[PDB]
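Just the one chain here, laid out as structure tokens, in the form deposited in one PDB entry.
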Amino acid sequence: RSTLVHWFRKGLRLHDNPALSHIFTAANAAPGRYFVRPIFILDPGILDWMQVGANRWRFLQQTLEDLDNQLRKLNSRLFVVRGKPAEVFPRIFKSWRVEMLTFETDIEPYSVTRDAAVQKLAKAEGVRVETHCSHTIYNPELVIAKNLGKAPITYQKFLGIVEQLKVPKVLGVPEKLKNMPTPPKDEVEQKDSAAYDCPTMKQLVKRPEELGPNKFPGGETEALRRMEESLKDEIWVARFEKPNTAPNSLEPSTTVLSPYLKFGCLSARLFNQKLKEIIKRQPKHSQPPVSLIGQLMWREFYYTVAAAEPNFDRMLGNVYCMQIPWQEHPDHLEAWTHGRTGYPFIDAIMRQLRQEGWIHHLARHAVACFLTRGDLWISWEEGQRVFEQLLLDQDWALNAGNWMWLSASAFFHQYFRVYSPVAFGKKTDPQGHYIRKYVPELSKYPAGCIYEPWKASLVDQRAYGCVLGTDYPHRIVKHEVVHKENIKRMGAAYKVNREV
């Protein structure tokens, strides 16, 4: 008896999962010949390549538990294998007599490298590998082909390409496994009946004092519930315009499906299909780029440009990226990283990010503009790394692509438009309720100076119980001065890049 293996990496779902569906149908169309091992590998190698903060570890822990729970409802289970894929797969290919291995493809360079190796090993041991592109709606390889070998570098050109592509068929959940025995323990399972059980919170979260509020629980079950809740107001869905959603409402103004889409707890193909059904029903609706479908297409757009560029997450060697002489300023980077810049709006966003792991798109604009071209003139690569640590929805392509946009390094070139860290929040939160929540030491400042506490006299600062320089920091830079200087620096950088 030989085993069929589905390998979860992203695609942490049962629904719309061709790679997992195929394994299950095969076992049921040939009962008694096959064992089924759906596995997730806790790969120590990823940690040399990315930073993972406490909140995202908890999201993953919750996700694996949910996935295990869901697979048990199909008379299977999740097997979580600790170890490096390069060492894990030779062992299990033999110990399990693996006939077929399936998985969902991914475009990240670490994935491409790791997957090539596993495919060279699988080819040697005569294991059939079947892969499916279901993390994105469109296959970036096909978008690039249709555009004659280059990724489209504007959203509009990208949309014109993908309109002519076939939308994939969205699958349901696999059928339960008919009359399948629990596979026989292997070398590892026999010395430890739990060697493959889902990690506990304690095993994955080494810094539990860094966990914030548990607001967006991991897993497909929660993803589908949140999707269904977001889709209940069909008018809100149909008429959604991303630029008009508030970054500093106390409740999120957008769907917060991004963590679920990042891990593939939610199929983007399913979400796209559900959105299209509502749009069909609601004749007055928005269009890309600002519509909700438009948002999924931004994800597709960045996945496509990123697929063509292994250096997408760095300035050097990145075909898209303007070479800009960013400066090193460790103290300013640290103040930004910890929300101690002395601009309350910026600090509120960075504290929400650290505590909760999600901030709105335009809140990400504000802080990324401040770090890079707007104020501190620090490389977007530094911002990317902090976001990588703190965001539940950390996504190699999306983080890099939007950082390049916000820093005017690629895709966006109107660097003379600079967010103000004082004025920008006021449009949608003139009372500063968001600042009061995340910078509570300012909570007694009136609306007239809560965005600009340095405009309060010392007497009033003492009265409000928050003296600048003691209880809340002084501004680390004066926006009105530095952002004018940075516009000149950017223009110089654009000139140099144009001459090369």
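Rigid core: the largest C-alpha set superposing within 1.5 Å between the two forms. Only residues modelled in both forms are compared. A residue's number is simply how far along the shown sequence it sits, counting from 1.
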query: Given 418-426 and 202-210, the range whose Cα B-factors average higher in the PDB entry; finding: 202-210
query: 46-54 versus 465-473 - which carries the larger mean C-alpha B factor in the record; finding: 46-54
query: Top residue by Cα temperature factor, when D395, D313, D375, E175 are compared in the entry; finding: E175
query: Identity of residue with top Cα B-factor, from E87, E309, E241, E228; finding: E87
query: Assigned third (lowest, middle, highest) for the C-alpha B factor of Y155; finding: middle
query: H360 - Cα temperature factor, lowest/middle/highest third of chain; finding: lowest
query: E108 - Cα temperature factor, lowest/middle/highest third of chain; finding: middle
query: Third of the chain, ranked by Cα B-factor, where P325 sits; finding: middle
query: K120 - which third its CA temperature factor falls in, relative to the rest of the chain; finding: highest
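Another form exists, deposited in another entry; not displayed. Remarks below refer to it.
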{"property": "Answer among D68, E452, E441, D43 for the CA shift between the shown form and the other one that reaches 2 Å or more, rigid core superposed", "result": "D43"}
{"property": "Residue pair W49, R56 - Cα distance in the other entry, closer or farther (3 Å or more)", "result": "closer"}
{"property": "Direction of the Cα shift between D48 and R56 in the other entry, where the change is 3 Å or more", "result": "closer"}
{"property": "Taking the rigid core as reference, consecutive runs of 3 or more residues that move 2 angstroms or more in Cα between the shown form and the other one", "result": "43-50"}
